[PDB]
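What follows is a single chain, given as structure tokens, in the form deposited in one PDB entry.
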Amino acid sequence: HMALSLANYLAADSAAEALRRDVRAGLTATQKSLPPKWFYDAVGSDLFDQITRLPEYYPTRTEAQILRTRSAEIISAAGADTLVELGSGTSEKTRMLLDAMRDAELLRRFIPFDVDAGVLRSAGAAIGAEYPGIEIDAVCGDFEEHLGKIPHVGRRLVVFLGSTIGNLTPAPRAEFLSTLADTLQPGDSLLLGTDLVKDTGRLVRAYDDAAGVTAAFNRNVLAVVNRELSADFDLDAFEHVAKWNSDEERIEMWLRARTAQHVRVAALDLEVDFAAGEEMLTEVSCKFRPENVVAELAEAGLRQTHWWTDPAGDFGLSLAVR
């Protein structure tokens, strides 16, 4: 139920100032963009959750099927008694790993790391109930600044699923993996999910679903700016566009102005203009080739010891060690 330890390294005032800096930079650039760090408020996070269940969004069920069939092998390979989860604690994927650790009579500790303390408290309560006696040490932080705050107690399996790593472009991605690798002791393991290059139509449809849910997620980034920075974006005036960028092998989401728009962002003392048809970059989702996953891990100081992939080659999971 309520047994918990929780450390909180994210302050409201610090987040508000970062949002102001990031939005000003994006909206005043000649090629406009909005910073994805701020897309995932409560509404945005729930819309993303819904995306994970859409028929076109293959990553979640694909990764789940890999875990469903290989979680025992993963847990045996890791030999860990402590599961560190980078992001959330709410998914069935988490429970597949915890269940396998319990089956192996190894499970002692769960360390969820996420930006939302409320979500962490919910996860603590649910997991504490399901695995009586488990120690839960939650960390509320940003995995680009607070990885050093993750406790080093135990033999730790650190998991970063969902190809969330694809939301980082190459420079911050390398910095993240390097920083993460530096926190791993001998005996610790990283389990990394990566969505793989594949048929471009399938890739684009995963981010442009027939039901319009991804489009709602995308437009909600404007609602966040409207609310937090007292802006007057007309959500209805922007069209959702998903593209495959073949040079960078990433999906890009864009908002395209239907007609010319004048936007006042009062909190920034800023007025910006969109031409009819002008596009603004929002979320990106980098996709990987299996050989390059090995190389990226090696560049960070990690050796890939295991690779699991579905039979169609849609998605991959790596286990890697120092």
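By rigid core we mean the largest C-alpha set that fits within 1.5 Å across both forms. Numbering starts at 1 and follows the sequence shown.
What follows is about the form deposited with a small molecule bound, which we do not show.
Partner absent here, but in the entry with it bound, which of 229 to 237, 213 to 221, 124 to 132, 71 to 79 has residues with a heavy atom within 4.5 Å of the small molecule? Single hit among the candidates: 213 to 221.
Only one of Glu279, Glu296, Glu283, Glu56 has a non-hydrogen atom within 4.5 angstroms of the small molecule in the entry with it bound; which is it? By the 4.5 Å heavy-atom cutoff, the listed residue in contact is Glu283.
Would you check, heavy atoms only and a 4.5 Å threshold, whether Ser189 touches the small molecule in the entry with it bound? Because no heavy atom of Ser189 falls inside 4.5 Å of the small molecule in the entry with it bound, the answer is no.
Does any part of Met253 reach within 4.5 Å of the small molecule in the entry with it bound? Heavy atoms only, please. Because a heavy atom of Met253 falls inside 4.5 Å of the small molecule in the entry with it bound, the answer is yes.
Can you tell me if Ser163 lies within 4.5 angstroms of the small molecule in the entry with it bound, counting non-hydrogen atoms only? Within the cut-off, so yes.
Does at least one non-hydrogen atom of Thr183 fall within 4.5 angstroms of the small molecule in the entry with it bound? Answer no; every heavy atom of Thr183 is more than 4.5 Å from the small molecule in the entry with it bound.
Indicate whether the candidate residues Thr62, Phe288 and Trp308 are all in contact with the small molecule in the entry with it bound, with contact defined as any heavy atom within 4.5 Å. Verified in the entry with it bound; spot residues all out of contact, no.
After fitting the core, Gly162 CA displacement of 2 Å or more between the shown form and the other one: No: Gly162 shifts by under 2 Å between the shown form and the other one.
Taking the rigid core as reference, does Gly193 move its C-alpha 2 Å or further between the shown form and the other one? No, the C-alpha position differs by under 2 Å between the shown form and the other one.
Rigid core superposed: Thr90 CA moves 2 Å or more between the shown form and the other one: Where the cores coincide, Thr90 still shows a C-alpha shift between the shown form and the other one that is 2 Å or more.
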